[PDB]
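Plus 9 on top of the position in the sequence shown (first one is 1) and you've got the UniProt record's numbering.
Notes for the one structure printed next.
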Amino acid sequence: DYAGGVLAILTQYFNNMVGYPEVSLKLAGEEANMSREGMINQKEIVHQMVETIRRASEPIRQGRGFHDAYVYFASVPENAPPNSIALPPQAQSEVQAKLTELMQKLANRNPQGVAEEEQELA
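Next comes the structure, spelled out in structure tokens:
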């Protein structure tokens, strides 16, 4: 249920549990799963999700690499590594609108898979 997996990842991101680049790596994991099973439409949607988060996060990031300077969606949690920040309010709105559109496209491709994730989340 790769589409469901994507929903779970976005839930953690929007709840400031996971930041960039971790969120993009998790999405890339699902992207590879989709591509392996020939789910190209879904793969392309998740690729756009990754690009959306990368383009908003990479230019304002106070560092580089994979162990610090994370960029969280709206708030920096107390377990964040040094030099972590959150997106500015305008970027928050732009990123969420685009991700919501992309998530809708995914849900439309695999409604049973996304519904199951919503059930599992509950």
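Here a beta-carbon is modelled for each residue, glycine too, at the ideal position from N, C-alpha and C.
If you count every other CB in all the chains shown that lies within 10 Å of the CB of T109, and 16 or more means buried, which is it?
exposed
Identify, in the order they occur along the chain, each residue of the same chain with its Cβ nearer than 7 Å to the Cβ of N50, setting aside the five sequence neighbours on each side.
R118
Suppose you measure from the CA of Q121 to the CA of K52; what does that come to, to the nearest Å?
17 Å
Hey, which unbroken runs of the beta strand (DSSP E) at 3 residues or more fall wholly within the region 19-101?
none
So, for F75: in the same chain, excluding its five sequence neighbours on each side, which residues have a beta-carbon less than 7 Å away from its beta-carbon?
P30
Run through DSSP, which three-state label would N117 get?
helix
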